[PDB]
Every structure is written in C-alpha cells, then in structure tokens.
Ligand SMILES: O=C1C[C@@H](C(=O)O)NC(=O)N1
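A single chain comes next, written as structure tokens; it is the form solved without the named molecule.
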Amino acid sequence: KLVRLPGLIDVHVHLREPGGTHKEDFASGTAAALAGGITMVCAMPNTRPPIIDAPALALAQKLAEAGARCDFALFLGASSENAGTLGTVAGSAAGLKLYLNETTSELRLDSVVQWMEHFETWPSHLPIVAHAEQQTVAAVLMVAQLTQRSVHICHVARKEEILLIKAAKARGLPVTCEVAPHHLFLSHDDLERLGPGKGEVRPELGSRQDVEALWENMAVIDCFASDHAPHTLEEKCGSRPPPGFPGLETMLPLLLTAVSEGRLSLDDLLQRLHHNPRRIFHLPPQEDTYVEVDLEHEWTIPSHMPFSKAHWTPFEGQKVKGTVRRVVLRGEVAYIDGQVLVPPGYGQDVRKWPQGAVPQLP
C-alpha cells in the first residue's frame, strides 16, 4: 500500500535562526521538513544576523548542528561588501545566494556591477542561486554569460520567466531553475480568499495563465523547492505584512495529489525533489534514508499544519491525496504519522561529510 521514496531534498527554506526564532527555528523547521517527507534542507542566509561573513556562518552552523532534526546545508548571502572575502568558507556553504530584487539593506545589491563582482570572485565550481524576478532573470543570465558560468534561478513564478529560461536552455546556456508549490497550486483566483496580508509573497501569485505555463513547461523545471518562508499570522495580517508562505508540510502532499491525477509522473516528482537537487548542488546521498507515503488517503489541508511555528497555511481548504506515513533518516525512525521521533541536533551539516564536498580541480 505504501510507496517508498528516497530522502527528498528542499533546496530553498528559511528557518529563521538566528534572530527570528518566533517565526521558526532549526528544530521546528526541520520537524516540518520531516513531516513533509524532506530529509535534507538548504537554508537561506537572510537571518538576523544575515549569513554574509565567516563569523555569522560559524554561528549558524553551530545553531543548526544543535537544533536541526534533518540534514542540512547553509547558504552564504551576497552583500555589497563581501565579494572577494568568502573564498575560505565558500566550500562549506550550500552555495551563494544573490537577492536581486527588493530586500533588506544587508543583502541589497545596488548595481549589476556588484553582481558581476560576485560571479567573478565566488569559486567557479560552487553553486550560485538568485532571487530574480521578471527581467531580472534575463539580467542575471547575462551576467552569468559574461563570467562564463552557471546560475540557478529560484522560485520561477511567471510564464515570462519560464519561457525565458526555456529559450536560454534551447541555446545551451547553463541555467537551472526551481518552482515552488504556491506557484503551481495557487493563483490570483485565491487572493480574495487569502486577503492582501496572507496573500503577500515574493514572487507574487501569478495569473491562471502563469500557472498553466509552468505546468505546460514542466520539462524546463529542474527542481521543486518550497521557499518555506514562515511568518506568524500576526505578522501576515498586520500593518506591514512580510512576504512569504510556509510550505514544508504541504509541498509533498500537493505534488502527490498532482501525481495521482496524472499531471506529472512519480519519476517527474523524484527528479525534481531528489536527483536534480543532488546534482545541481552536489549534495551527498543519505545512507539508510527513505520516506514512505500513502497515496490513497484523501484529506483537506487545515488552517495550520502541526509543526511550523508559522501556524497558518495559504493552502487551507485544498483537498489532497497523499500523506507522509514514515521517514527513516540514517537508520533511525525520524517521523511516523504526526510524531517526530528524532531530537534537535540529530541533523548534520552535509558539507562536512567527505562525500558532501563539491569536487574541484587542484
């Protein structure tokens, strides 16, 4: 009755530690990951302090080693001051994150020349990922070509963006991309229900035509990733709502529903939540690690999932078919039927495993 999947990987999560632990911490965010059938996460650097230098990375690594329940890697963040300074720690990170649209004064880059400087100084064998919306996708692709290296585009959300990436791939350019579940399963049609606070997300929800273009161009999508961006309901419904949705606990149930409906195959799903994340980010295998899912159980997403401290979900009310029943991580039962069974600190930094270093020429 159950289907055994390999350990799934989410390459785009915000776990809020250090500095935003009321929204989520490593322990709660990785519990959410396990309950969503995810056994490895890559955590983004827009924490407080942001992970933009070696001291901040060192702090975040110890906090994750002590709090994470699943395995992880941590991104470094590009700033207006750190190009050329990250070489000694670069290989210990998941990759480098560029925030190319509206952002915090610390990750903010004010000039494309600063993007160039990062592409030129970051080690050429290590991953670079970009938050790049609309024409910014084209712009960062140009910078990647000028510096003759690859780039990965986060959360593609629009017909415009997926078709641009499609055209770049047709020209043989080294670009990969990911799509988040809210851009496949929500649209403008849902903003009346969500309201302008809860509905705030970046990239914003697309039109029906945007959603249909992403599905029609599934072949262009290399990865799914949640962009798990937990904020409390008070923050989402308050005066200055921060953008973002929680998504770790809902991503796999949503996608399994789509598999059961024949919208994509099980293999299509596993390429995008396992094999392609591995190969783009050079993430190591996890020994004795698997996820058991039940594809027959129909349920309705409630007003909040059990684990994320966000304590809300934009998918409330959607019917899904597909449940995570059991997760085994490195030989230990990590999750069964609504209970996480590995403690904070069980998770490890995969970049410290010998098989987790990115291969490079001498």
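The first residue of the shown sequence is 1; numbering continues from there.
There is another form of this protein, the form solved in complex with the named molecule, and it is not shown here; the text below is about that form.
Asker: Within a 4.5 Å heavy atom cut-off, is residue 118 in contact with the named molecule in the entry with it bound?
Answerer: No, no contact at 4.5 Å.
Asker: Does any heavy atom of residue 272 come within 4.5 Å of a heavy atom of the named molecule in the entry with it bound?
Answerer: No, residue 272 is distant from the partner.
Asker: At the 4.5 Å heavy atom threshold, is residue 131 in contact with the named molecule in the entry with it bound?
Answerer: Yes.
Asker: Should residue 244 be counted as a contact of the named molecule in the entry with it bound, where contact means heavy atoms within 4.5 Å?
Answerer: Contact with the named molecule, yes.
Asker: Counting only heavy atoms and a 4.5 Å cut-off, does the named molecule in the entry with it bound sit next to every one of 39, 69 and 330?
Answerer: Verified in the entry with it bound; spot residues all out of contact, no.
Asker: Looking at 161-169, 226-234, 206-214, 283-291, which stretch has residues with any non-hydrogen atom within 4.5 Å of the named molecule in the entry with it bound?
Answerer: Looking at the other structure, the answer is 226-234.
Asker: Just to be sure I understand the contacts: of 221, 86, 201, 184, which is the one whose heavy atoms reach within 4.5 angstroms of the named molecule in the entry with it bound?
Answerer: Of 221, 86, 201, 184, the residue with a heavy atom within 4.5 Å of the named molecule in the entry with it bound is 201.
Asker: If we check the named molecule in the entry with it bound, which of the residues in 1-19 reach within 4.5 angstroms of it by a non-hydrogen atom?
Answerer: In sequence order, 14, 16 come within 4.5 Å of the partner.
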